[PDB]
Amino acid sequence: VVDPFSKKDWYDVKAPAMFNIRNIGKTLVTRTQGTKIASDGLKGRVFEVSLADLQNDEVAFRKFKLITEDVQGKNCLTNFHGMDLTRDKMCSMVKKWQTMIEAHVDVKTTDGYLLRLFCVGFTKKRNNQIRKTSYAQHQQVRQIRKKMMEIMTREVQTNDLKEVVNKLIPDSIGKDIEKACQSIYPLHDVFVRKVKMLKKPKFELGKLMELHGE
Amino acid sequence: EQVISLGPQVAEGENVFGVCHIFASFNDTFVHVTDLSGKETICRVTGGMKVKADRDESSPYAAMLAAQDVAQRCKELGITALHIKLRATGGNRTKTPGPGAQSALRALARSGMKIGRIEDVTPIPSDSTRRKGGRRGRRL
Amino acid sequence: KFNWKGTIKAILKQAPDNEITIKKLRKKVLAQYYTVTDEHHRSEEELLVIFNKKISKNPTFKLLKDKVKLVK
Amino acid sequence: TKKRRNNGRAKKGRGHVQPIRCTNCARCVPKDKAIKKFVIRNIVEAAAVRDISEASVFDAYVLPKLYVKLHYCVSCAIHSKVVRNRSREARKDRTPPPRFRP
Amino acid sequence: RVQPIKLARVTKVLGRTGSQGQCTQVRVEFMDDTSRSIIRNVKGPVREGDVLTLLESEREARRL
RNA sequence: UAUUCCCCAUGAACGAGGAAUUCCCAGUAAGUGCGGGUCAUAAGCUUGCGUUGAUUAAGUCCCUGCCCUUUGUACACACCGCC
RNA sequence: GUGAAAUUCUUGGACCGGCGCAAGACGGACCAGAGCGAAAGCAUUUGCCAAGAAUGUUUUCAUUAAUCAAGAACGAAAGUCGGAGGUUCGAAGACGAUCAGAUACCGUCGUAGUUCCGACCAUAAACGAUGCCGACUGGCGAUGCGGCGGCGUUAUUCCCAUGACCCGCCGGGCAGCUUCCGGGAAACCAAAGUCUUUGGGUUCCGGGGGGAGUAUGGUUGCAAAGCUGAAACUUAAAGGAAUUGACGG
Ligand SMILES: [Mg+2]
Ligand SMILES: [Mg+2]
Ligand SMILES: [Mg+2]
Ligand SMILES: [Mg+2]
Ligand SMILES: [Mg+2]
Ligand SMILES: [Mg+2]
Ligand SMILES: [Mg+2]
Ligand SMILES: [Mg+2]
Ligand SMILES: [Zn+2]
């Protein structure tokens, strides 16, 4: 009979300490009653947040996933869950008369956060070029792809999630790939397209406090 | 305003956000509004909730009326700003949003709501799952 | 069902020298058709071509270049 | 008689091209024969740009574009007036229509 | 519940429409926020420079 | 089987018209009479004339058609075609 | 969902939003008058297996060649047989509409099939509606592969290479524009030219329209059917390409 919004109380969602804008926003949930709890129905929510809403001066077409992991009263503490580009940016880069090279690698950080990183890069027209198309041959595409996979593997394989996300914030990996592949075929729109989480160990709460603390 | 139980206890200058999933297809429009996660629904008004003619559920006027009702309800629940997630039918079928995206987004803005990020979330397949018309299509 | 050949033969019987102009015959046949019929989908042009097939394509009738004559 | 030198399609050095589905009737068209069209229209529909701009919470926000690629069969392209019949010497003209810039 | 009655002043006429040439497009401006201006369909002889009344203000008019 | 007219009686339908459909934009439509033709006898017809005098519109190609260009055609008695 | 609706699903909570899980398909945008393949055909990454054209070559053999009845390999889709699998579509079928009717077009559901493995079938507007091999006869700009040669720009790196671009040349390709080469009934075609000034080599194949790719015999196939294939009789035109009109929902 009664409206259900009198049975709800508002919580606050906190980003980790990689970002300087700590407060994401406000989520709500029904108050605990019976056998269903507020906290277990609150965990596992996913907040796709833009990067410009977490960093005050970074780009807007990159966005982060930030699953919630624990509840500290009126606060929902989140941890990194994935990264993606916006739809319009990805649709804006893909155009005709050039070759698109994509690569993906499955790879585990030091603390057991097995990821899947997707990369993308496009062949670049020279400034004095008068031919219409800029097409890499198949062997050039294959060794560019090989360089992409080896760079992503060496960048995330020897780190853990904190500085891996700190690499993903300015996308230094894409700049490394673009710098490395200039001797095969010059690429210009090189990004890490998408980061996917495949496995997480055991939820050490002290680690989540370290991420949310200093 | 204020209830004060319904609505978050916030300051007076800063604003609280929601997500407005606008499914504007042909034959209908949806002005669903959720919280930031998308798991909690605040309000949902569709175009067919406002007209009783069954051919203009996708008309811009019905989308405007749905957007106004959604804006009033979300305003009395304390939500003041919205991120927009525009959507067509997509997948196998058309990728152009329907006739009701126009007036729904305009009416949300003109009803006194702050607009955040706008994004397209139409489902795009990587060439999957054969469409229905037969091989010769629909011979209207 | 309207009977085309029987109505045309009946009109040609009630005529001087079993002889009638095509226009008068067409007028009387179409008036008869409209006053006895039960079917309504047929158009004016379909009725006209049906009448032309009825008069020009019958062995009992002859066309004296603007008229219809009953042969014996 | 043979109407066009290409047979209505861009198939020169191959036997078979993969079919696609027409975007508004779902007819199977060969990919080289289809009338393709790329649309980079604005989401926010510039007749209504100022209301969205003044209602925005940011100060400098650039509106996203919408990127759809359309494929038409010949019948749908004619009926939706994407293309039109032309005379013979006008038929063999391959230039795109002018961009009506001013 | 409805937005109030709005008065609108007619800027240049945009031609005839309505499949019998019965309506015109007018590009009115709202004379309260004069910067705000929309296209509208009017029946009757219009004569740009005069004032309309709009019961439902923000509908649209499709561009000819 | 009343030419027309006059007088006294008689006092019928008709209460604004279904589906359809005609004509018309300014001294116009409509109302209203008056001449001419026909005429021995004679206008509910027509052809002219004044008189009173508007509503709506200055558009479109939707319906019915016309003109011009490109286009298709197995029609040329020409789509009421051919089959 | 449609022109409009209804069949259909829905407070036993559909549709919408979130997080997951599973299944089988299919590989978008990039993707082109681009490539490869005898055709049919071929597009997610990586690895393995054998193959191939072109190019380069002051390498070998030395006429070993071209086209080919009989014979042989492959051959889209649909179809058949057996075994897996069945997401989506969807012949048959049912229903809802529309209609004078509506065993249709439109809508809802849905069998066989669509997918994989193994075995058949041998047909397509299987088309460039154009046999293959060779020679000669205009121009131009591009493009793909290989090679050669040049001012400069760019990358590592500071140099010589090697890549990205720029300017050309040669060879083999897919094509384009232009031309009173010439041809052609013309449309058009640089091949459909080098043809009464008629002969480079060779295979298949047509002889007015129908009957008819039918009958019959043979032969292949599980079948469906494929291949080979008449005659009686009938008929004065059937066709091609252009022109003018008329008509065009
Ligand atoms: Mg509905
Ligand atoms: Mg049609
Ligand atoms: Mg033709
Ligand atoms: Mg083929
Ligand atoms: Mg097959
Ligand atoms: Mg179905
Ligand atoms: Mg099969
Ligand atoms: Mg013969
Ligand atoms: Zn179509």
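Residue numbers (the authors' numbering), protein chains in the order written: chain B, 21 to 234; chain O, 12 to 151; chain y, 308 to 379; chain a, 2 to 103; chain c, 5 to 68.
Cβ coordinates follow ideal geometry from the N, Cα and C atoms, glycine included.
Query raised in the report: Roughly how many angstroms lie between the CA atoms of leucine 59/c and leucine 18/c, to the nearest whole one?
Result: When only Cα atoms are considered, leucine 59/c and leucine 18/c end up about 22 Å apart.
Query raised in the report: Taking only beta-carbon atoms, is residue 131/a less than 8 Å away from chain B?
Result: The shown model of chain a, from 2 to 103, leaves out residue 131/a, and the question about it has no answer.
**Report entry** Proximal residues to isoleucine 164/B (C-beta, below 6 Å), its chain only, five neighbours per side dropped
**Finding:** Residues of the same chain with a CB within less than 6 Å of the CB of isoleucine 164/B, apart from the 5 flanking positions on each side, are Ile121, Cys201 and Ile204 in chain order.
Query raised in the report: Between the stretch 65–81 of chain a and chain O, which residues of the former have CB atoms less than 8 Å from a CB of the latter, in chain order?
Result: For the stretch 65–81 of chain a, the residues whose beta carbon sits under 8 Å from a beta carbon of chain O are, in order, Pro65, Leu67, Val69 and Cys74.
**Report entry** Partner residues on chain O for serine 70/B, Cβ-Cβ distance less than 8 Å
**Finding:** Near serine 70/B (Cβ distances below 8 Å), the residues of chain O are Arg128.
Query raised in the report: From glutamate 183/B to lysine 66/a, what distance separates their C-alpha atoms?
Result: If you take the alpha carbons of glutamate 183/B and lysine 66/a, they lie about 33 Å apart.
Query raised in the report: Is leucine 58/c helix, strand or coil by DSSP?
Result: Looking at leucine 58/c - three-state DSSP - the assignment turns out to be strand.
Requested in this report: Evaluate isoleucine 90/O with the Cβ neighbour count: other Cβ atoms within 10 Å of its Cβ, from every protein chain shown; 16 or more gives buried, anything less gives exposed.
Outcome: Buried, by the Cβ-count rule.
Requested in this report: Measure the Cβ-Cβ separation of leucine 188/B and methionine 113/B and say whether it is below 8 Å.
Outcome: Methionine 113/B is positioned such that its CB atom lies no closer than 8 Å to that of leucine 188/B.
**Report entry** Cβ-based contacts, 8 Å cut-off: residues of the stretch 45–65 of chain c near chain O
**Finding:** Residues of the stretch 45–65 of chain c with a Cβ closer than 8 Å to any Cβ of chain O, in chain order: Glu62, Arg63 and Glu64.
Requested in this report: Sort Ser23/c, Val30/c and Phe34/c by Cα distance to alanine 65/c and report the nearest one.
Outcome: The residue with the shortest Cα to Cα distance from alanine 65/c is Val30/c.
Query raised in the report: In whole angstroms, what is the alpha-carbon distance linking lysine 83/B and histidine 43/O?
Result: About 22 Å.
Requested in this report: Keeping to the same chain, check which residues put their C-beta closer than 7 Å to that of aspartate 67/O; ignore five residues upstream and five downstream.
Outcome: Excluding residues within five positions, the ones whose Cβ falls inside 7 Å are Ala73.
Requested in this report: Could you name the residues of the stretch 59–70 of chain O whose beta carbon sits closer than 8 Å to any beta carbon of chain c, in the order they occur along the chain?
Outcome: Listed by position, the residues of the stretch 59–70 of chain O near chain c (Cβ gap below 8 Å) amount to none.
Query - Host alpha helix (DSSP H) of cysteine 85/O (start-end) - result: 71–87 is the span of the alpha helix (DSSP H), which, as asked, contains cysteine 85/O.
Query raised in the report: Between the stretch 121–130 of chain B and the stretch 166–186 of chain B, are three or more C-beta pairs nearer than 8 Å?
Result: They touch, by the three-pair rule.
Requested in this report: Determine whether the Cβ of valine 42/O lies closer than 8 Å to any Cβ atom of chain B.
Outcome: Not closer than 8 Å to any Cβ of chain B, the Cβ of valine 42/O fails to qualify, so no.
Query raised in the report: What's the call for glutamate 346/y, buried or exposed, on a 16-neighbour Cβ count within 10 Å?
Result: The residue in question, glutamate 346/y, is exposed, as its Cβ has fewer than 16 Cβ neighbours within 10 Å.
Requested in this report: Mind checking which residues open and close the beta strand (DSSP E) that includes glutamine 26/c?
Outcome: Neither: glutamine 26/c is in no beta strand (DSSP E) and is coded neither H nor E.
Query raised in the report: Can you give the Cα-Cα distance for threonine 52/B and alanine 58/B, rounded to whole angstroms?
Result: Going by the C-alpha atoms only, they are around 5 Å apart.
Query raised in the report: Any Cβ of chain O within less than 8 Å of the Cβ of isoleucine 44/a?
Result: Judged by the 8 Å Cβ criterion, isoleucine 44/a is in contact with chain O.
Query raised in the report: According to DSSP, is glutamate 175/B helix, strand or coil?
Result: Secondary structure at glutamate 175/B: helix, using DSSP grouped into helix, strand and coil.
Report task. Out of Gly148/O, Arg55/O and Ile53/O, state which residue places its alpha-carbon closest to the alpha-carbon of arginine 104/O. Result -> Closest by alpha carbon: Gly148/O.
Report task. For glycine 127/O, count neighbouring C-beta atoms within 10 Å of its own C-beta (all shown protein chains included) and say buried if the count is 16 or more, exposed if not. Result -> Under this definition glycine 127/O is a buried residue.
Query raised in the report: Quick one: is the Cβ of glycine 58/O within less than 7 Å of any heavy atom of ligand 4?
Result: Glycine 58/O: no, Cβ never under 7 Å from ligand 4.
Query - Any non-hydrogen atom of ligand 4 within 7 Å of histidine 17/a CB - result: When distances are taken from the beta-carbon of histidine 17/a to the heavy atoms of ligand 4, the shortest one is below 7 Å.
Query raised in the report: Which whole-angstrom value is the C-beta distance of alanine 35/O and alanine 112/O, which I expect to be below 8 Å?
Result: Correct: roughly 4 Å between the Cβ atoms.
Query - is_contact[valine 58/a, chain O] using C-beta, thresh 8 Å - result: Look at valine 58/a: its C-beta is under 8 Å from a C-beta on chain O.
Query - Through-space distance from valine 40/a to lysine 32/a, alpha-carbon basis - result: Between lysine 32/a and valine 40/a, the C-alpha separation is close to 18 Å.
Query raised in the report: For chain O, is any of its Cβ atoms less than 8 Å away from the one on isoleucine 41/B?
Result: Not one chain O Cβ lies under 8 Å of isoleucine 41/B.
Query raised in the report: Taking 7 Å as the cut-off, is the CB of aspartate 67/O close to at least one heavy atom of ligand 1?
Result: Not so, every heavy atom of ligand 1 lies at least 7 Å from the Cβ.
Query raised in the report: Beta-carbon of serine 26/B versus every beta-carbon of chain a: anything under 8 Å?
Result: For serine 26/B, no Cβ of chain a is located within less than 8 Å of the residue's own Cβ.
Query raised in the report: So which of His158/B, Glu234/B and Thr178/B has the shortest CA-CA distance to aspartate 131/B?
Result: Among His158/B, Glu234/B and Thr178/B, the Cα nearest to that of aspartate 131/B is on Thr178/B.
**Report entry** 7 Å Cβ cut-off: residues of chain c touching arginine 121/O
**Finding:** Taking a Cβ-Cβ threshold of 7 Å, the residues of chain c close to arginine 121/O are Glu62, in chain order.
Report task. Reducing DSSP to helix, strand and coil, say where residue 3/c ends up. Result -> No answer is possible for residue 3/c: the residues shown for chain c start at 5 and end at 68.
**Report entry** Simplified DSSP assignment, three categories, for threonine 140/O
**Finding:** DSSP places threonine 140/O in the coil class of the three-state scheme, outside both helix and strand.
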